[PDB]
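Novice: The following block contains the structure, expressed as structure tokens.
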Amino acid sequence: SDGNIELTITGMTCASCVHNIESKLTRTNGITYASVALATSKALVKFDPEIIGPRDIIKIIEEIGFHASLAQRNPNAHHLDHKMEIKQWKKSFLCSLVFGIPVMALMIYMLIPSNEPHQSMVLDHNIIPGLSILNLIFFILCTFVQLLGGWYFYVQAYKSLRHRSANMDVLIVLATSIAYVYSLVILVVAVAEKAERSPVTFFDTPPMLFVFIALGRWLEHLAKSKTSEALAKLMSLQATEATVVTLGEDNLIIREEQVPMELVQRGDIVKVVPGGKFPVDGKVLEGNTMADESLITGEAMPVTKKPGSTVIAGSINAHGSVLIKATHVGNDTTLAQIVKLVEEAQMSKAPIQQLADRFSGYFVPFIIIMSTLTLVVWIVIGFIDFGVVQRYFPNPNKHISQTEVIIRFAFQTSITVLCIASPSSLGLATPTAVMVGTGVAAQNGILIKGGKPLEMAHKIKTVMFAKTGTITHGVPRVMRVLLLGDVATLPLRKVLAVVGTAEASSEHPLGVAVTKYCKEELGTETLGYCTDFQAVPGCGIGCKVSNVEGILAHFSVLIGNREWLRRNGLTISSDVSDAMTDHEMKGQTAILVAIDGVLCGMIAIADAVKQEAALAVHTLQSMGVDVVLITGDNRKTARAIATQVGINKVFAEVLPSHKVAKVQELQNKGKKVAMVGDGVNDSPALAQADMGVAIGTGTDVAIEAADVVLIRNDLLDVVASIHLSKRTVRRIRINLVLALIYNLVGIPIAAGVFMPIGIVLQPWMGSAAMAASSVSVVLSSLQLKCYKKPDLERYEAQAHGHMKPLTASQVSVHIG
Ligand SMILES: [Pt+2]
């Protein structure tokens, strides 16, 4: 609501444009944030709304030199497809192959000596003093290459040089221009002086530079396109046509229509045939069927659906034809929300990613300075102290004087050094790994958002679980109802009816269960009236019940915890004090009933802890992560459930009001704490925590407090979320090393420092060793896709043997 804009930018090729754009925008006044995604080719900028407008931002971007526009909503396939660039680079490589074969054949013909040559390689027979026929062929071919093959690089360098910054094609244009001009000058000098020998010239490298450049830039885009498979599959999964039906009286088909999604609205009725996708989320009206959504939520078992259930826009129907009423259409569907969340997942760049952006904006000038320094130092060392170099070039050649060999060596070693740098491999090391990790997570239910939580989960030491809806099933079962007061004037029917009618006003999770229970044993569909319903969260409810004859034909009611009756001034007895103890330490909480000050009786209410809770708590304990449980229930109830799962420290009697101070005090020691909440209920608690985990939120992934969202209601996915985040963060570190070892080794070698050992590279060898670098970085990222989701028996394996039981004695409780 702060005028936060999202833009799409076309034309970002080099990895150095991101730093330029971000610095130019942030340095401009009135802007506090700017994130640019090279892979997605978009931008996310927030600013002060009144000072500047979106058109001003577009104008600034156009001034920088990029074409930008407002973000579109549905069309994203071509951005993530990379079709145009792959096709163009493949076409360019095939086009440039026609001039790489002849020069390569001529070069290889020179090297291998024939055992019985026809004339002993007279292909270098001079015709005009200084101009051999070989050099004529090479000159013609190189002129055609420069006037026909390097045009695109010339255009890119010209458009980048119009502004202060320099992209990565400057290196290519400089290399080719120098290798052309020096050779042309030396050839003209040789011809004019009428020398007998044609000097060795630099007319062979431009033909071999462009072939390797195009091959590298084609393979690199072909490898990139495999990183966006998850987004491509998710986006190209929603349907575009629906079968609109109209119901006369008894859901009878009046008529049929086919409508696009942009015209269908909420409340419409649509039918699906077997084998067809559900176009819109909605409520099942009639018909029994079952559908599988393994491409949406990641589960393998196909869910069964009955009239009155919900559907997911994207699942495939199997049995029969079913009519449903549309509820969410368009951007409101779960699939659209998932796609959007994953899209802005690659926007919050990590600090290491920001450093990598900063380093790659100051790379090309560094390479140019290093190349010029190498050229000058080689010339001066050759011209001043020839002894050191002639120790390794001792041969005296009459055809070319020793002055001319030093210059040629200096030029060769100053061209190879700037022809071997690979800024792109350093630029795209981390973004590809981040994208692949997020996609492989999203295809498994875990819905990690943002790049910061990726490395946040690496160093978390304490995890925090809530009780209801997170550890246990969340749908409580009523065990039994006990009566403590009178039986004649307070029969079972009366007390259950009045408590059910009293709680019917409320919506607290445990009370709806007891109300529906009361309905099911009394068998009465009617109910009375409740008035003066005082509802204090975390304390209890107090009210009065009227119209008590509705159910009894077949009243100040105070319901709450023990202190709730203390607040209303009700006495303390001993038989009631140990009444729930028989059940309280068995893991079922108990609610006490007192109407008009009369201790009517007690009810035991239970909710079963999920099976997975036994192992998920232990794996984190063995993985090096501590665990703490928090709840607002009684201390004895927390103690019982803590032992059943194995958490030593618990925070009980926490009223739902504060629930942030306990998180606050844990973070006060400098450690990192992440809480596993439930969603809309515990939004303030998740936001304060460093990483928010929202578990069991099906088709409600639009959560802003939490930075990690889990669709399936499984505690083991918490383990997989941490276990997969570590496996990703390690990949950036490995990727950022291969881009530094290669550069800090390929520069000295191309600088000719290894001359005494006797290893020197011609420039064409300085490009074939660069195209392999860019692809190798991407190929190291794609290895993450080989990730099998661990199964229940998988965790049973490494956890087998050692499961240490614990008793309530070694269980601490809260403080204050
Ligand atoms: Pt380059």
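Residues in the structure tokens are named by chain (A, B, ... in the order shown) and by number from 1 within that chain; ligands are numbered from 1 in the order shown.
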Within 6 Å of ligand 1, counting only C-alpha atoms and all ligand atoms, which protein or nucleic acid residues do you find, written as a count of residues only?
Specialist: 6
Novice: Would you pick out the contacts of residue A:813 at 12 Å or less, using only C-alpha atoms, so that residues sharing its chain but fewer than 6 positions from it are not included, and give the list as a PyMOL selection string?
Specialist: chain A and resi 628-631+634-640+642+647-654
Novice: Could you turn the residues from that selection into a file that holds N, CA and C atoms, as an mmCIF file, in the first residue's frame?
Specialist:
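Listed below is the output, part29.cif:
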data_model
loop_
_atom_site.group_PDB
_atom_site.id
_atom_site.type_symbol
_atom_site.label_atom_id
_atom_site.label_comp_id
_atom_site.auth_asym_id
_atom_site.auth_seq_id
_atom_site.Cartn_x
_atom_site.Cartn_y
_atom_site.Cartn_z
ATOM 1 N N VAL A 628 11.466 -26.817 22.068
ATOM 2 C CA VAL A 628 10.685 -26.279 23.177
ATOM 3 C C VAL A 628 9.220 -26.246 22.757
ATOM 4 N N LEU A 629 8.335 -26.587 23.693
ATOM 5 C CA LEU A 629 6.896 -26.606 23.459
ATOM 6 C C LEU A 629 6.239 -25.506 24.282
ATOM 7 N N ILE A 630 5.260 -24.825 23.688
ATOM 8 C CA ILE A 630 4.532 -23.752 24.355
ATOM 9 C C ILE A 630 3.037 -23.999 24.208
ATOM 10 N N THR A 631 2.287 -23.721 25.271
ATOM 11 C CA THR A 631 0.837 -23.842 25.251
ATOM 12 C C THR A 631 0.268 -23.041 26.412
ATOM 13 N N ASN A 634 -3.014 -26.256 31.225
ATOM 14 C CA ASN A 634 -2.532 -26.461 32.582
ATOM 15 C C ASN A 634 -1.155 -27.124 32.552
ATOM 16 N N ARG A 635 -0.422 -26.977 33.660
ATOM 17 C CA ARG A 635 0.933 -27.515 33.726
ATOM 18 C C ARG A 635 0.936 -29.039 33.660
ATOM 19 N N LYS A 636 -0.013 -29.689 34.337
ATOM 20 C CA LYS A 636 -0.051 -31.149 34.322
ATOM 21 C C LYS A 636 -0.332 -31.678 32.921
ATOM 22 N N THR A 637 -1.237 -31.022 32.190
ATOM 23 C CA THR A 637 -1.535 -31.447 30.825
ATOM 24 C C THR A 637 -0.310 -31.323 29.930
ATOM 25 N N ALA A 638 0.429 -30.219 30.055
ATOM 26 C CA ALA A 638 1.649 -30.055 29.273
ATOM 27 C C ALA A 638 2.692 -31.101 29.639
ATOM 28 N N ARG A 639 2.819 -31.420 30.929
ATOM 29 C CA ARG A 639 3.800 -32.412 31.355
ATOM 30 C C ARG A 639 3.514 -33.774 30.739
ATOM 31 N N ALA A 640 2.239 -34.167 30.692
ATOM 32 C CA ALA A 640 1.881 -35.465 30.132
ATOM 33 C C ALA A 640 2.219 -35.540 28.647
ATOM 34 N N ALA A 642 4.283 -33.682 26.957
ATOM 35 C CA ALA A 642 5.709 -33.498 26.702
ATOM 36 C C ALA A 642 6.451 -34.826 26.728
ATOM 37 N N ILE A 647 9.908 -33.645 24.645
ATOM 38 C CA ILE A 647 10.446 -32.297 24.792
ATOM 39 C C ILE A 647 10.658 -32.029 26.274
ATOM 40 N N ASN A 648 11.892 -31.682 26.643
ATOM 41 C CA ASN A 648 12.231 -31.509 28.051
ATOM 42 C C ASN A 648 11.670 -30.207 28.619
ATOM 43 N N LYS A 649 11.760 -29.118 27.862
ATOM 44 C CA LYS A 649 11.341 -27.811 28.347
ATOM 45 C C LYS A 649 10.012 -27.399 27.724
ATOM 46 N N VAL A 650 9.080 -26.973 28.578
ATOM 47 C CA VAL A 650 7.754 -26.562 28.133
ATOM 48 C C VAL A 650 7.427 -25.207 28.741
ATOM 49 N N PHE A 651 6.585 -24.450 28.041
ATOM 50 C CA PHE A 651 6.117 -23.138 28.484
ATOM 51 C C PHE A 651 4.594 -23.187 28.543
ATOM 52 N N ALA A 652 4.062 -23.502 29.717
ATOM 53 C CA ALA A 652 2.631 -23.682 29.905
ATOM 54 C C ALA A 652 2.015 -22.464 30.589
ATOM 55 N N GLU A 653 0.683 -22.483 30.688
ATOM 56 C CA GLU A 653 -0.093 -21.390 31.278
ATOM 57 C C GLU A 653 0.193 -20.053 30.601
ATOM 58 N N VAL A 654 0.384 -20.068 29.287
ATOM 59 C CA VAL A 654 0.638 -18.849 28.528
ATOM 60 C C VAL A 654 -0.675 -18.387 27.910
#
Novice: Quick one: everything within 8 Å of stretch 214-228 of chain A, counting only C-alpha atoms, minus sequence neighbours fewer than 3 positions away in the same chain. Send it as a VMD selection string.
Specialist: chain A and resid 80 to 82 85 to 86 89 to 90 92 to 93 210 to 211 231 to 232 432 435 to 436 439 770 to 772 774 to 775 778 to 779 782
Novice: Taking the chain letters and numbering used in this document, name the residues of stretch 294-332 of chain A that DSSP puts in strand (DSSP E or B), as an mmCIF file with C-alpha atoms, in the first residue's frame.
Specialist:
data_model
loop_
_atom_site.group_PDB
_atom_site.id
_atom_site.type_symbol
_atom_site.label_atom_id
_atom_site.label_comp_id
_atom_site.auth_asym_id
_atom_site.auth_seq_id
_atom_site.Cartn_x
_atom_site.Cartn_y
_atom_site.Cartn_z
ATOM 1 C CA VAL A 303 -7.662 -37.988 -2.439
ATOM 2 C CA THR A 304 -11.295 -39.113 -2.445
ATOM 3 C CA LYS A 305 -13.991 -36.451 -2.739
ATOM 4 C CA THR A 310 -13.387 -28.760 -1.750
ATOM 5 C CA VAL A 311 -11.393 -29.081 -4.972
ATOM 6 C CA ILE A 316 -7.405 -34.086 -12.796
ATOM 7 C CA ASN A 317 -10.797 -35.761 -12.435
ATOM 8 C CA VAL A 322 -19.324 -33.673 -11.201
ATOM 9 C CA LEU A 323 -20.898 -30.227 -10.848
ATOM 10 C CA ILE A 324 -19.310 -27.685 -8.494
ATOM 11 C CA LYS A 325 -20.000 -24.063 -7.570
ATOM 12 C CA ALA A 326 -17.129 -21.677 -8.249
ATOM 13 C CA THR A 327 -15.575 -19.979 -5.215
ATOM 14 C CA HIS A 328 -12.084 -18.776 -6.244
#
Novice: Considering only C-alpha atoms, give me a table of residues in stretch 302-359 of chain A that are at most 12 Å from stretch 5-8 of chain A, with the closest atom pair and distance in Å for each, as JSON lines.
Specialist:
{"residue": "A:343", "atom": "CA", "partner": "A:6", "partner_atom": "CA", "distance": 11.7}
{"residue": "A:344", "atom": "CA", "partner": "A:6", "partner_atom": "CA", "distance": 10.1}
{"residue": "A:347", "atom": "CA", "partner": "A:6", "partner_atom": "CA", "distance": 10.8}
Novice: Could those selected residues go to a file with N, CA and C atoms, as a PDB file, in the first residue's frame?
Specialist:
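Result file follows (out14.pdb):
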ATOM      1  N   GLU A 343       7.496 -17.039  -7.457  1.00  0.00           N
ATOM      2  CA  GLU A 343       8.086 -15.982  -8.276  1.00  0.00           C
ATOM      3  C   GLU A 343       8.799 -14.942  -7.421  1.00  0.00           C
ATOM      4  N   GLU A 344       8.120 -14.394  -6.410  1.00  0.00           N
ATOM      5  CA  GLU A 344       8.829 -13.470  -5.521  1.00  0.00           C
ATOM      6  C   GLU A 344       9.702 -14.176  -4.488  1.00  0.00           C
ATOM      7  N   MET A 347      13.473 -13.040  -5.141  1.00  0.00           N
ATOM      8  CA  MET A 347      13.612 -11.588  -5.124  1.00  0.00           C
ATOM      9  C   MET A 347      14.407 -11.084  -3.932  1.00  0.00           C
TER      10      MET A 347
END
Novice: Can you tell me, as a PyMOL selection string, what residues are no more than 6 Å from stretch 607-613 of chain A when counting only C-alpha atoms, ignoring any on the same chain fewer than 3 positions away?
Specialist: chain A and resi 472-473+476-477+616
Novice: Store the residues picked out above in a file with N, CA, C and O atoms, as a tab-separated table (two decimals), in the first residue's frame.
Specialist:
chain	number	residue	atom	x	y	z
A	472	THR	N	-0.61	-32.09	17.80
A	472	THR	CA	-1.74	-33.00	17.84
A	472	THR	C	-2.66	-32.80	16.64
A	472	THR	O	-2.48	-31.86	15.85
A	473	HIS	N	-3.64	-33.69	16.51
A	473	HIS	CA	-4.50	-33.70	15.34
A	473	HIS	C	-5.37	-32.45	15.23
A	473	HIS	O	-5.66	-32.01	14.11
A	476	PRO	N	-10.69	-32.41	18.61
A	476	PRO	CA	-10.76	-33.14	19.88
A	476	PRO	C	-11.94	-34.10	19.93
A	476	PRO	O	-13.00	-33.87	19.34
A	477	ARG	N	-11.74	-35.20	20.65
A	477	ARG	CA	-12.76	-36.21	20.90
A	477	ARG	C	-13.15	-36.19	22.37
A	477	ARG	O	-12.29	-36.18	23.25
A	616	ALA	N	9.93	-36.73	14.57
A	616	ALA	CA	10.37	-35.41	14.15
A	616	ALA	C	11.09	-34.68	15.27
A	616	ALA	O	12.07	-33.97	15.04
Novice: So that I can check the secondary structure, give me every residue of stretch 437-480 of chain A assigned alpha helix (DSSP H) by backbone DSSP, as a ChimeraX atom specification.
Specialist: /A:437-442,452-456
Novice: Set the distance at 6 Å and use only C-alpha atoms: which residues neighbour residue A:605 once local chain neighbours fewer than 6 positions away are removed? I'd like the list as JSON, numbers by chain.
Specialist: {"A": [477, 478, 479, 588, 589, 590]}
Novice: Write to file, as a PDB file, in the first residue's frame, the residues of the selection just made, with C-alpha atoms.
Specialist:
ATOM      1  CA  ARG A 477     -12.755 -36.212  20.897  1.00  0.00           C
ATOM      2  CA  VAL A 478     -14.978 -36.158  23.984  1.00  0.00           C
ATOM      3  CA  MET A 479     -14.059 -39.050  26.274  1.00  0.00           C
ATOM      4  CA  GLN A 588      -6.386 -35.374  27.964  1.00  0.00           C
ATOM      5  CA  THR A 589      -7.373 -31.998  29.389  1.00  0.00           C
ATOM      6  CA  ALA A 590     -10.597 -31.643  31.374  1.00  0.00           C
TER       7      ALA A 590
END
Novice: Work out how far apart atom CA of residue A:278 and atom CA of residue A:336 are and give it in Å to one decimal.
Specialist: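 Distance between the two atoms: 13.8 Å.
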Novice: Taking only C-alpha atoms into account, which of A:506, A:160, A:762, A:462 comes nearest residue A:676?
Specialist: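 Smallest separation from residue A:676 among the options: A:462.
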